[PDB]
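Student: Have a look at this one.
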């Protein structure tokens, strides 16, 4: 069901039904303009809006620039038929994209259903359609009809990016606020977009590109569309309600103009700048408006201007307003239904929910001022998809929100000149001296709300009745509730396109007069006694030219000289950059600079003295002159001593009133009403706690959190300035060299920029964590305790009042007064803790660790897995996979690739050319589970063969093998090579690596050592800091290339390739995740399976193996040795692993046919004595904590206990066998106990008592060894 | 003092050298403070002294060196005169490297090694025999290189790690000296207050009892610092081996393999009974490269120091003061402590055990069922951090403030009582300061994982229910809470299930709580809405995650019966397994869904993927049950790679995967 029923072209002939000339309401008269009906009562006018408002009849830019941070002006846009066709295609495409998601589908259904009410009648008993809420569609024959429509999309006004809603009001009413509504004209331009900067997502995606991102135009259209939808239902907040902002101080911005409707529409943290008092005020006001409309509908008698039946119109407006019909047909506004509808229209259809559904990167708060203008094109599917936007799937653009980057995906975004030029609306900040003055943009300054926006009725006393109801909790909106409402949303009902009487040929209508907003002062000059964040950040700026620039820690000189840049780094960094570098060591000098940058910017200072703040970032101190003083240690000590108060530029002026006492109305001779009254008193006290906490939370969000986000953005700007100045100096040094020298060095600035941006990204994730901790600490320590104190005073007051109340009613309640007294005392003596996660959903631990594992698995540039029936990449790139004919897959686990020493047994991975490793500095990691059989022939000695090859023209990386060795190799372009080896010797009794599954991991930090981890723990590391440009192979080959042995093969699985150097704990988590803790293992590492004989081993005494003394009731099982040894000289020498009796796992409580053993499986265990099976049975009637364990005839087991519970823990491929009887009694874990000189097999509860594990307890850890060809020893 | 030169130059023999800047500064700040007349001021002073000492001693800083991330312990510079010239210990440790921490730094000498040249008698040998002899020579050479590496390892130990272990022992002795000095200060202040104050005698007795526990905690913090310095210096020594010994071994072995390759190549070129192509084959087959003497293994170098003594110390000083274990033996039920400490348990013998989440749980009537855990640490005190966590499932509805568990001697201590439908945590100190907190929605016939963490260092009280930080308070205004050694589990007036009771002597962070919660929950079991264990042949009722308030109803249409929600008789759901020996439903297993009608019926998927109700016993196909470990009990039903999800409004269930993930989620009750 596509949103648009047909493809529309601007050159299509008029039809009078969907494509036609139209005349919109206007002040005077104008010529009809071509327009296209895309959906029911939704029209599109591919023309610049110059006629809906006579005040804007000129497309020339106004003499005064708009008070908007981002602006653009051109007239030739949307002047040609081709451009208008492009506009129509883009509008239709964005409408389809919005309709694709469920939220957009609901919004569009409501938009179509939200027909403006008919209020153009002076007669109260007749419903007359308002003239300004219709259109004049010219039929082809010459006549014209009048059609009622809800929404009309039109071209932009003089400012192209000034997307706004317009409408025509009635004679005296305000249709956008009285519940009537009016036709909406949206000045939308799908051919342009804004350019902002996002930083809070470095936590989730640590590979964000530099430069500015581009807003998905579908998001902007959704915002404008829901604004128009609020207009349609007549519940728009009055524009006179503006969030007031303080301005007097220097650090304060010159001004800001945001409506409460804009904050309502944005959602998220913007929707919480409004206290619950004003929210309830608006809800009740619009409830009254809806009840007025219901009353007007009730007093209706007939219709005017159409042939439609009265019942039809009743049903239409009932469906629009969700009114209730009684048996008599009277309409009333149900409180519940209006509440649900208002929730749907206001706190559900927000831009934040649309950003959640589109899965795109949009600025979370309106304070994230957009920075640039980008011309785009969205109709070409190669540039923009319905379901994906700029982030094309299965491409480089899909990953890391790269498709919205305007420096990487540069073919899809064209930078434009911003007419709001630098230092147009700004403030001048001067430090007294000469008085050093700088210019700081208006939207570059701090935003502080006025206290008037925060009004509460807490000081108002409240009277409690028996029938008083307690309001439900104000839960945050999540996708769960959005899907809940989508499930019950009725998409079948649609408005009928009824025919109404013809209106005037020239419709007369006047657009509603919005209040005139006074421009805030411009050019205002300040004076300071010291620098600030603004002066310090400006001191980090520079100019592009031919003059050598130097990094100096002195801010004053940097301000005094544009050729000198202030840096918050150490003197070593400035000495290194400043000193002239000769041609020879330029590359080494650049490497040193990169290392110093990535070290100092990622510097942390963990502390434990303070409660919640864990880490500190010292260089924040000198970076922005945060707080005062100069020394970094001074800042650290000050932050330890005081806390987050130093960070904030202004101390919030929190004012919590004395809580209004509760007055209880006395009820006489009614115990039920009295107990109900006191219960309601306690419940209202709890609600009072909740609402004062909510008020303090909103105050903190409006007054403190914004400061912290501004500081975060300024720190990001500081880091970017540092990188840009350093790179400019490096570029100047490189340009000083001769052309031949430049040819000698393969120095690419792009790789340097990527490395520095990634280091800045890590520094920024650190800064984000620090600032989040500081903000939450200030909220918990300097705002909540005041509210807690007021609540405690209120609790004492109400406690005394309720004690008096129950005293006064001693006759009414006889005997149950002590209960009431103690209940009141207990309930009022407790506290309700401030759980921040109840009010803001940004601080959930589950989200944190889920994002941690998601970043572990989804940052892989190659996640090769076998699913369904094919092996393919599962990452964001879905690279090409070619499978040779002789590549075997394990039937029991079809993700375990096997590769032989054959030419047609290979897996070739064709990578996207944007991810192939060609970089001098980029870190990267790889990981895979490998299984290498024991070498048998002496030819294997000194025979190294590559297994995973990504080496091209003697350059790249390769995982290679050798006798008892696993080698990782790198070779850059200059042919110099570095390898790191894990050596495991085969001359050992029992080994953890020979023919065992091994979790190999390789992490390559081009500034540090490349290291190889085995089974999650570091094994080797070699320095690779000197290696130059490594250009890996475009393809990656999975084949044994060089092994002279014919029968030599490897097993490999879960090959993942990541673009960052995994840290130790990430490697540990990878190991313990991919280890499949839900499934038991055998000795080698394969999944433990039923009906598969295994030899037994004990971890405590490997040299001994299991044997039966005799079969029968009196028999038992025991351990005996020596294990023996299989040796082939100079190749291998190991204990014989195929000795002793064999064990078989038989299904007892397995509910599926899979032959896989999982945790806590109730099974039977059989012992193969002389190729005959017996049950591993025991009797619990024997004394002693350790009870003997024997082998018994299967039909003769009887009532004896034989249940074995299989337990897997995380490791040495161990398996724990608990013993239980038919009654589910833990008769104990299976191990061995020494009696006389025989180590018999017993079951004991003493193992259960030990939980400290490790030493001593380990006796209970068994291992199953199936007959595997890798070992190859004869049985 | 803070000047070793001045300490020695102090002719009065009064000062004593120390390196605890926080404690020294705190003592300097209260130098002009008023005298401590009462026990409250003594508690404040003792707590502040303990906290300053623990922040001085146990503090460590992670630094990135040429070897990795290392826990540099900063006070060693002021403890062993190691690089005091620079501004800080860490800056010198980085700008000078690990090798600067010792005196004699160039100590490695090349072992005297002899390698037998290839015998000449092999000249008249056939190709196969010559190749076999060359293979034997290759194996012996590899073994000899390994022996040279072992000799180098022993040499590095005996020469370089001897100095670092001298540093280790000296630093441990310095820490013990500082601990003894601090205990001297504490005892002299306590004795002076006993002898020269008007404090009540019982207050003096409680002060002595509390000061004993504070001294024990100071000992524990000293042990923490000793372990920190030990691990730091062990890592530094291993990194010294990395950066100083191994390159020398590599260079010597490179020269040795070069010479041996030259000799073997000359010997092969001198052989007479070998063709030219076979000569080239043998020459390239018996070469030596870096792959043969690349014996470096970090795990073995860091596993040298592992020992049985370390394991015994680790388990003896284990933070687990109490970890209740319970199981059922034929004849009786065993309940006790599994922490290895001296905690005694006295429990009423009428307490049954029923399976809870992962293990057995004690069932409490609420009237006569009592359990008492005796342990010295349970007395608590002024400056001991601890943590209490367990699984609680209430089976009561009493609003009265009824005691659940805690240690309360003479109104002093900590406790947790049932109250309303939730819990109340109460902490009362001797001075009367009370921390009283209320937790909502806890008593719901459902399992909740309750954790309390009292951290006296940062003075932080953390309370988690399930896996949410339900409370984060400051106990900076709570002094000595000395209580009885007995912790009593009574659960007054509310029969309940209590599982996995655990008391630690260490504060717990959020990550540990989340890890424990998911670790216990993720035991391959399917849980219904009640957090219990789902089972076969039990009459459940199905609910959706999105529509948990809305049950599933059965209704007849199109000569069939279909199940749907309403935006209707509620359907009854059961799960069936193939084997009649299975009771509970484990993760990743086959299920047949059954509905109890007048005659029992099973589920099936029709052509349109709708969920149809059938009567045939064998026609019903087997679905697969799974879930996510991140979610406690929101299970998912799948079939052939396609789950079961809520359909569009028309609301039945469909087997489609072109919708949101929330639609696949389900629950049972």
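FYI, residue positions are counted from 1 along the chain as it appears here.
Recorded method for this deposit: electron microscopy, 4.0 Å.
In case you wondered, yes, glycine gets a Cβ from its N, Cα and C as well.
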Student: For the transmembrane segment entry in Swiss-Prot, name the matching range from A:639-659, A:660-680, A:681-701.
Tutor: A:639-659
Student: Per Swiss-Prot, which one of A:197, A:257, A:262 shares the Zn(2+) site with A:223, A:227?
Tutor: A:262
Student: For the annotation motif 'Host ganglioside-binding motif' in Swiss-Prot, which listed range does it cover: A:1244-1247, A:1248-1251, A:1252-1255?
Tutor: A:1244-1247
Student: Which stretch does Swiss-Prot mark as transmembrane segment, out of A:610-630, A:715-735, A:736-756, A:757-777?
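Tutor: Of the candidate stretches, Swiss-Prot labels A:610-630 as transmembrane segment.
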Student: Might you list, by sequence position, any residue in that chain lying six or more from residue A:227 (Zn(2+) binding site) with a Cβ less than 8 Å away from its Cβ?
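Tutor: Listed in sequence order, they are A:165, A:261, A:265.
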Student: Test of understanding: give the count of other CB atoms lying within 10 angstroms of the CB of residue A:223 (Zn(2+) binding site).
Tutor: 22
Student: In whole Å, how far is residue A:223 (Zn(2+) binding site) from residue A:1260 (disulfide bond) when you measure between their Cα atoms?
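Tutor: Answer for this pair: 64 Å between alpha carbons.
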Student: I need to check the long-range neighbours of the transmembrane segment (A:610-630): which residues 6 or more away from its ends have a CB within less than 8 Å of a CB in the stretch?
Tutor: 530-533, 535-537, 553, 555, 568-569, 600-601, 603-604, 636, 638-640, 643-644, 646-647, 711, 714-715, 718, 766-767, 769-770, 773-774, 776-777, 780
Student: Do you know offhand how many angstrom separate residue A:1215 (disulfide bond) and residue A:223 (Zn(2+) binding site) by C-alpha?
Tutor: 58
Student: Which of A:262, A:1215, A:1260 has the fewest nearby Cβ atoms, counting only those within 10 Å, among these recorded positions?
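Tutor: Counting other Cβ atoms within 10 Å of each of the recorded positions A:262, A:1215, A:1260, the minimum falls on A:262.
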Student: According to DSSP, which kind of secondary structure is residue A:1260 (disulfide bond) found in, if we only use helix, strand and coil?
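Tutor: Looking at the DSSP assignment, residue A:1260 (disulfide bond) belongs to a helix.
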Student: Note the Cβ centroid of A:223, A:227, A:262, the recorded Zn(2+) site, then list each other residue of that chain whose Cβ lies within 8 Å of it, in sequence.
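Tutor: Near the Zn(2+) site, beyond A:223, A:227, A:262, sit A:224, A:226, A:261, A:265, A:266, A:351.
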Student: DSSP helix, strand and coil counts for the motif 'Host ganglioside-binding motif' (A:1244-1247)?
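Tutor: Across the motif 'Host ganglioside-binding motif' (A:1244-1247), the residues distribute as 2 helix, 1 strand, 1 coil.
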Student: Does DSSP give residue A:1215 (disulfide bond) helix, strand or coil?
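Tutor: Looking at the DSSP assignment, residue A:1215 (disulfide bond) belongs to a strand.
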